[PDB]
Amino acid sequence: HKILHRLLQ
Amino acid sequence: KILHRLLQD
Amino acid sequence: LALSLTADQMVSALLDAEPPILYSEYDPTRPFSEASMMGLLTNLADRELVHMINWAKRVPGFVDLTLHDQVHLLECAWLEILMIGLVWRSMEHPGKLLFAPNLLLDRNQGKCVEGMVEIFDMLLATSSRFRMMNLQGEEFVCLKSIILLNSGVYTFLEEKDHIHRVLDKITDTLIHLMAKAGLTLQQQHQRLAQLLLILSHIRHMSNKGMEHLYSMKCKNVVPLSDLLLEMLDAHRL
Amino acid sequence: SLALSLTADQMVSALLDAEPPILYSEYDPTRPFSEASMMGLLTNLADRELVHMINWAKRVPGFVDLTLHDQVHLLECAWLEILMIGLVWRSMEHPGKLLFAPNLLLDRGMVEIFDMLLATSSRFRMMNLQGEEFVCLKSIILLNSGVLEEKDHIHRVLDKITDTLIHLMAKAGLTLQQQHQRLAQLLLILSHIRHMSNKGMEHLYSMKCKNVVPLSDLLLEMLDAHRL
Ligand SMILES: C=CCn1nc(-c2ccc(O)cc2O)c2cccc(C(F)(F)F)c21
Ligand SMILES: C=CCn1nc(-c2ccc(O)cc2O)c2cccc(C(F)(F)F)c21
């Protein structure tokens, strides 16, 4: 679940 | 329908 | 008529309508299994449903509806209704769910049933939320009535309008109770919103519970009564 | 902090300016009949809309005060609800039809869900939902999604949005009784939106298992959050 994390950054 | 009967009981 | 009841009269009608608290068929002579635990919850639900019908028939406005509309609303809302009752009963039992007086479980017991613990945890947290908000019995009965009239209302125009008029009367009643309790006007709308947003979480829990019940049925974990099979059928899994 | 200090009018201005664009689909146009060419179309659309959604959530007052973990959790929980409320809002003007995109106007096991979405659009049209109300509800969906000093922060922001809804109702000339009734009507629709998202998420998982329709890595990851 890292894509969303990257996009929020 | 069981519920239909129960509503009338 | 429901529309000519005062707020005080609506509250009195709903409080008097409350169903009884039933006991489970808990058998303390044997350990729990997944099957036996699920069995208790479905058996308890099945007995509670008969009493739910008697209750729904006493919710102002409900008897005005056709049998088909009554069936539809109960089919939609039954698990939500059971669950709001649970969370209510469980408020003064922090960390436990009071399914019945003889069936008061903590999350490690819920663990017995594969796939139930996420739901168990949501229910505990919802109970805690009501405790923190100091939910009153008069508010609780309004909310439970709202669930019954709202959950299935959109999936049905004149019948709908009547239902929406009754829902408006319950909103009025909630605000009345809040004003009576000394809340400022701003506090009244804020608490109304907080309570109604919890209903979205109760819907969520019911949907997750319904998917779990369907798994229990499809894996032959527990036999469901013909009533619960039909209740489950309506949710079309 | 700053979100707790905005006026109702400023809350509304902020949310209106944050609104994502309405995107186009790959619908070809007829000339191919549907299969899960349709699901292909909806999932492609959703994937492009998601990037705009993430950047919209950053502009919802209060959201960026949360931890990255909490920000992630809220979007993982809320994304389909948010897409759906957008759809329903766009479709208000098109009775019996769902305007997934300007070029993709579909009428009526997806039928049960279409029917629910159509019913919601019909409810919003009946109520004459306003764009200012719509943007408040969509932010509520984000912050309320589904189920603790930071819980207090979300609750304070939710109270401010409620205050903003009531402000809009008061502005529009509604009596206090009418304001409370309308607020309740709107918030009860969120229960139905939750319902539809739950149903939708099961269809998406089923689609994932079938492996016919292509699902983006982001969609796969969103879906995975709803299962564990
Ligand atoms: C903790 C489980 C949820 N649940 N609760 C109940 C339940 C039963 C009785 C009651 O008064 C309240 C309930 O939440 C329940 C009944 C049948 C099936 C289920 C389940 F969702 F797990 F499949 C039930
Ligand atoms: C009626 C379909 C629900 N839906 N809607 C959408 C959807 C897509 C884009 C948009 O702006 C709004 C939507 O509701 C969607 C996307 C992926 C999967 C699904 C599904 F749950 F049905 F299987 C979606």
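Below, chain A is the first sequence line, B the second, and so on; all start at residue 1. In each ligand, atom 1 is the first atom listed, and ligand 1 is the first ligand listed. Reckoned from all heavy atoms, side chains included, excluding hydrogens, waters and symmetry mates.
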Undergrad: Over 60° means perpendicular and under 30° means parallel, so tell me whether C/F156 and C/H72 are parallel, tilted or perpendicular.
TA: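 Tilted.
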Undergrad: Taking C-beta and beyond as the side chain, do C/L199 and C/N150 meet within less than 4.5 Å on heavy atoms?
TA: no
Undergrad: One residue to check: D/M196. Relative to ligand 2, which of side chain, backbone, both or neither has a non-hydrogen atom less than 4.0 Å away?
TA: neither
Undergrad: Taking 4.0 angstrom as the limit, do D/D107 and D/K97 come out as a salt bridge?
TA: no
Undergrad: Among all the protein's non-hydrogen atoms, which is closest to atom 17 (C) of ligand 2, and how far away is it?
TA: D/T43 CG2, 3.9 Å
Undergrad: Quick one: does C/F62's side chain get under 4.5 Å of C/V166's, heavy atoms only?
TA: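 The answer is no; the side chains never approach within 4.5 Å.
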Undergrad: At under 4.0 Å between heavy atoms, which part of D/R48 makes contact with ligand 2: side chain, backbone, both or neither?
TA: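 Contact part for D/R48 vs ligand 2: neither.
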Undergrad: Less than 4.0 Å is my threshold; does some heavy atom of C/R89 fall inside it relative to ligand 1?
TA: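 Yes.
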Undergrad: For ligand 2, which atoms, with element, lie under 4.0 Å from some heavy atom of D/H203?
TA: 23 (F)
Undergrad: Considering heavy atoms of the protein only, find what lies nearest to atom 5 (N) of ligand 2 and give residue, atom and distance to 0.1 Å.
TA: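 Nearest neighbour among protein heavy atoms for atom 5 (N) of ligand 2, to 0.1 Å: D/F100 CE2, 4.0 Å.
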Undergrad: Below 4.0 angstrom from a heavy atom of C/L213, which ligand 1 atoms are there? Numbered from 1 as shown, please.
TA: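 So the atoms of ligand 1 that pass are 23 (F).
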Undergrad: Could you tell me which atoms of ligand 2, counted from 1 in the order shown, lie closer than 4.0 angstrom to a heavy atom of D/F114?
TA: 1 (C)
Undergrad: In sequence, state the C-alpha distance, the side-chain angles, and the governing distance for C/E139 and C/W88, and then conclude on side-chain contact (heavy atoms from CB on, under 4.5 Å).
TA: CA-CA 11 Å; C/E139 297 175 315; C/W88 168 251; over 6 Å; no
Undergrad: Any idea which part of C/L86 is under 4.0 Å from ligand 1, heavy-atom wise: side chain, backbone, both or neither?
TA: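 It is the side chain that gets close, since no backbone atom is under 4.0 Å.
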Undergrad: What I want to know is whether C/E48 and ligand 1 share at least one N or O pair that is separated by under 3.5 angstrom.
TA: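 Yes, there is a polar N/O contact under 3.5 Å.
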Undergrad: Considering only heavy atoms, which of D/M110, D/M84, D/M201 lies nearest to atom 14 (O) of ligand 2?
TA: D/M84
Undergrad: Inspect the contact between C/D16 and C/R58 and indicate whether a charged nitrogen and a carboxylate oxygen are less than 4.0 angstrom apart.
TA: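 Yes, charged N to carboxylate O under 4.0 Å.
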Undergrad: Under the side chain to side chain donor-acceptor pair (under 3.5 Å) rule, what do D/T120 and D/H192 come out as? Steps first, then yes or no, please.
TA: CA-CA 8 Å; D/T120 310; D/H192 185 66; 3.2 Å; yes
Undergrad: Looking at D/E202 and D/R227, is there a salt bridge between them, counting it only when a charged N and a carboxylate O are closer than 4.0 Å?
TA: yes
Undergrad: Tell me: protein heavy atom nearest atom 8 (C) of ligand 2, and distance?
TA: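 Result: D/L42 O, 3.8 Å.
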Undergrad: Taking atom types as modelled, is there a side-chain donor on C/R47 or C/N43 under 3.5 Å from an acceptor on the other?
TA: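 Note: C/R47 and C/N43 side chains meet the donor-acceptor criterion.
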Undergrad: Closest approach of D/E81 and D/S145, non-hydrogen atoms and distance?
TA: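 Heavy atoms only, the tightest pair is OE1-CB, 4.1 Å.
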Undergrad: Is there a heavy atom of D/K199 sitting under 4.0 angstrom from any atom of ligand 2?
TA: no
Undergrad: Which ligand 2 atoms does D/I113 reach within 4.0 Å, using its non-hydrogen atoms?
TA: 1 (C)
Undergrad: When only distance counts, is C/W78 in polar contact with ligand 1, meaning an N/O pair under 3.5 Å?
TA: no
Undergrad: Atom 13 (C) of ligand 1: which of C/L44, C/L82, C/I84 has the nearest heavy atom?
TA: C/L82
Undergrad: Going by heavy-atom distance to atom 18 (C) of ligand 2, choose the closest among D/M38, D/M39, D/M116.
TA: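 Answer by nearest heavy atom: D/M39.
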Undergrad: Ligand 2 versus D/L117, non-hydrogen atoms closer than 4.0 Å: side chain, backbone, both, neither?
TA: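 Near ligand 2, D/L117 shows its side chain, while the N, CA, C and O stay back.
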Undergrad: Measure from atom 24 (C) of ligand 2 to every heavy atom in D/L23, D/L99, D/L80 and give the option owning the shortest one.
TA: D/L80
Undergrad: Cation-pi check, C/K144 to C/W55: give yes when NZ or CZ is under 6.0 Å from the six-membered ring centre and within 45° of the ring axis, no otherwise.
TA: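 Positive - C/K144 is close enough to the ring of C/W55 and near enough to its axis.
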Undergrad: Of all the atoms in ligand 1, which lie at a distance below 4.0 Å from a heavy atom belonging to C/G209?
TA: 20 (C), 21 (F), 23 (F)
Undergrad: For C/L174, is there any backbone N or O sitting under 3.5 Å from a side-chain donor or acceptor partner on C/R191?
TA: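 Pair absent, no side-chain N/O of C/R191 close to backbone of C/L174.
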Undergrad: Mark the output for D/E202 as yes if a heavy-atom distance to ligand 2 is under 4.0 Å, and as no if none is.
TA: no
Undergrad: Contact between C/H235 and C/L79 at the side-chain level, heavy atoms closer than 4.5 Å - yes or no?
TA: no
